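Fold and contact review
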Amino acid sequence: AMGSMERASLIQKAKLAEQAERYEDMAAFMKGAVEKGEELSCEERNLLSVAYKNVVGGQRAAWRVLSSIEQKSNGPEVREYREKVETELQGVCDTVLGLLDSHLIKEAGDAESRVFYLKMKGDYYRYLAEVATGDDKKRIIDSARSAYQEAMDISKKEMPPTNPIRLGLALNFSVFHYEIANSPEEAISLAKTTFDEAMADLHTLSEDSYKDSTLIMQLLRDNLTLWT
Amino acid sequence: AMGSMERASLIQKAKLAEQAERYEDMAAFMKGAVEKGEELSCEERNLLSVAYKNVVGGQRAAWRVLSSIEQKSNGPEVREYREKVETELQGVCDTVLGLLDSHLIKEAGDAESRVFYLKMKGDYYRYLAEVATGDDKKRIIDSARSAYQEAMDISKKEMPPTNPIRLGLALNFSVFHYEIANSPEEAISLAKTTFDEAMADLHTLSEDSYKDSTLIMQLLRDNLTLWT
Amino acid sequence: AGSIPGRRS
Amino acid sequence: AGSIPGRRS
Ligand SMILES: *Cc1ccc([N+](=O)[O-])c(OC(=O)c2cccc(Cl)c2)c1
Ligand SMILES: *Cc1ccc([N+](=O)[O-])c(OC(=O)c2cccc(Cl)c2)c1
Ligand SMILES: [Ca+2]
Ligand SMILES: [Ca+2]
Ligand SMILES: [Cl-]
Ligand SMILES: [Cl-]
């Protein structure tokens, strides 16, 4: 649908849509930019991720409200409307996963891009897992786990322990363990080891990098405080 | 598009959409309910108004962000995207105005419903006027003024000066005078007279009605403080 | 300035 | 609990 707009204009409009808090537009512009077929720069990857995180975040919040009302009730309207929102959410997750599979991951050869996209793949399978209840729930969970694990393996070989992408990947994989995989001890161990290894590498960083890394380390600590 | 869903189910789903902060859905459900052709109850009128106020409020906020960026700039992208948002906003206003014209106003015979719908008509022409720049800007402004004036005339004959609909109508008509019609003195006079006449009628009210009326009176006072 | 906020039923 | 909020570029 964005095929007639220049790549650079789609990127410019995605930035304007972010300023205007028009995240559905932002996601459509960034989908159009991906579909031009060129690899994404670091800033463009961040625009893609922010756009879809906001879209799916609103859907997840609505699904949780409706799911809570439905569980309290147990006419067809609450279930029907929860199902409508759930289908829309699944459609957005499938769209993101489709962009990653056609063809962002296969062309991503640098550690920073490949880890970023595999973390995204884990995240969007995780959002699918949050609403899954059928015969594929196990397979959806395994798909999230596999994507996160490949990203972790690359990040540990190629990035320092303070790298913000590495830290955010570990944070989200720990949330996967706690919330999806019923593995709270694995979640706590991963968050603790990630935090401690980052702490020991802070001395290597500039003031600005220190700020970036310590911000995410505080999120790991916040989860550890809630989980212990 | 909602023609196959029961009226009562549309109303139930509009209430669920409000809880889930899904205001576009809420507006579509309430449009479907209006298009069943029956008059709306007081609560249903409020659901219709809340849904569209949230939809158009997000559009207006985005339009203001983009308009500010465009004015600072003076490629085509900022103007093109501001125009896209503006067209979408105009489409929502035209949809609301169309519901009022087909056929909510013509069937509204009680003062509470007729004033409510004429206030809405003034509000949505006012939102059109905020973005108007062409040869119909004067006519759009006059359409807002005419709707508000008919609502005011009914409200002064049929409602006490503390009635919340009457108060909110006067508040919004004063904003029209200040922001759209370049008539700040008329805005201030209307807000002051409305506040003073409501104050003198508070003694007639129950505790709960007093709370409802004084809340809107404080909004009139807040505007008077900003304008003087 | 402020019209009726109008965004919560 | 909290994943990366991820909602502001
Ligand atoms: C047009 C109007 C007049 C009076 C009231 N009122 O609150 O009594 C309302 O109600 C609303 O829709 C509303 C008012 C303030 C804040 C919010 Cl979120 C909604 C409308
Ligand atoms: C996945 C990820 C890892 C690390 C960062 N980071 O901030 O360095 C981000 O960035 C974001 O997208 C973000 C983080 C926190 C809050 C918000 Cl609104 C965005 C992502
Ligand atoms: Ca080109
Ligand atoms: Ca029926
Ligand atoms: Cl490559
Ligand atoms: Cl009637």
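- As annotated in the PDB entry, chain A is 14-3-3 protein sigma from Homo sapiens.
- Under its PDB header, the title given for this structure is "14-3-3 sigma with RelA/p65 binding site pS45 and covalently bound TCF521-080".
- Among the UniProt annotations of chain A, the heading Sequence similarities holds the following wording: "Belongs to the 14-3-3 family."

So, the arrangement of the chains
- Among the 3 pairs of chains in contact, the pair with the most contacts is chains A and B.
- Left apart from each other, chain A and chain C have a closest C-alpha approach of 16 Å.
- One thing to see here is that chain B and chain D don't touch, and their nearest C-alpha atoms sit 16 Å from each other.

Concerning the interface of chain B and chain A
- Listed by partner, the interface residues are 22 residues for chain B and 22 residues for chain A.
- Summing both partners gives a buried area of about 2,000 Å² for chain B against chain A, and 60% of it is carried by carbon and sulfur.
- Contact with chain A buries surface across chain B, with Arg22(B), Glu77(B) and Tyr81(B) losing the most and accounting together for 31% of the total.
- Remark: the boundary between chain B and chain A carries 4 salt bridges.
- We note a salt bridge from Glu80(A) to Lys13(B), for which the minimum N-O separation is 2.8 Å.
- Across the chain B-chain A interface, the total number found is 8 residue pairs in polar contact.
- Breaking the side of chain B that touches chain A down by element, the ones donating at least two residues are α1 (7-19), α2 (23-34), α3 (42-73) and α4 (77-107) of chain B.
- Here the side of chain B that touches chain A takes 7 residues from α4(B), the largest share from any one element.

So, the site of ligand 2
- In the vicinity of ligand 2, the contacting residues are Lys119(A), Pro164(A), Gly168(A), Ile216(A), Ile4(D), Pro5(D), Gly6(D), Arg7(D) and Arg8(D).
- Chains contributing residues to the immediate surroundings of ligand 2 are chains A and D.
- Within the complex, the protein chains bury 72% of what would otherwise be the 470 Å² of accessible surface of ligand 2.
- A breakdown of the residues in the shell around ligand 2 according to their chemical character gives 4 nonpolar, 2 polar and 3 charged.

Considering the side chain of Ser113(B)
All names here are of chain B.
- Counting through the fold element by element, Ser113 comes out in helix α5 (residues 111-131).
- Residue classification places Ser113 among the buried positions, given a relative accessible area of 10%.
- Each residue touching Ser113, except ones within four places of it in the same chain, is listed here: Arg45 and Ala108.

Here we look at the relation of the copies chain B and chain A
- Rotating chain B by 180 degrees and moving it 0.0 Å along the rotation axis overlays it on chain A with an RMSD of 0.0 Å. What the rotation and shift describe, once combined, is the action of a two-fold rotation axis. When C-alpha distances to the rotation axis are compared across chain B, the minimum falls at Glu24(B), with a value of 6.2 Å.
- A shared binding surface is used by both copies, with 100% of the interface residues of chain B retained as interface residues in chain A.

Focus: the site of ligand 1
- Every residue lining ligand 1 is accounted for by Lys119(B), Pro164(B), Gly168(B), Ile216(B), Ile4(C), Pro5(C), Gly6(C), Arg7(C) and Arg8(C).
- Ligand 1 sits at a junction of chains, with neighbouring residues supplied by chains B and C.
- Across the shell around ligand 1, the residue classes break down as 4 nonpolar, 2 polar and 3 charged.

Some thoughts on helix α8 (residues 184-199) of chain A
- An ideal rise of 1.5 Å per residue puts 22 Å on 16 residues; α8(A) measures up with 22 Å between its terminal C-alpha atoms.
- Turning to α8(A), the residues buried within the fold contact α6 (137-158), α7 (164-180) and α9 (207-227) of chain A.

Rules behind the numbers
- Residues numbered from 1 in each chain as written, not as in the entry; some residues may be left out.
- Chains lettered and ligands numbered in written order.
- Heavy atoms only, no water.
- Residues with missing side-chain atoms left out of burial classes, pairs and counts.
- UniProt positions renumbered as here; feature names shortened; annotations may be inferred.
- Contact = heavy atoms within 4.5 Å.
- Buried area = accessible area lost by both parts, 1.4 Å probe.
- Salt bridge = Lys/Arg side-chain N within 4 Å of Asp/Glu carboxyl O.
- Polar contact = N/O pair within 3.5 Å; in protein donor to acceptor, adjacent residues only side chain to side chain.
- Helix = DSSP H or I, 4+ residues; strand = E, 2+ residues; numbered from the N terminus.
- Near = heavy atom within 4 Å.
- Areas by Shrake-Rupley, 256 points an atom, 1.4 Å probe, with all protein chains shown as cover.
- Nonpolar A, V, L, I, M, F, W, Y, C, P; charged D, E, K, R; others polar.
- Buried < 20%, exposed > 50% of the residue type's maximum accessible area, 1.4 Å probe, protein only.
- Least-squares fit on C-alpha atoms.
- Expected span 1.5 Å × (residues − 1).

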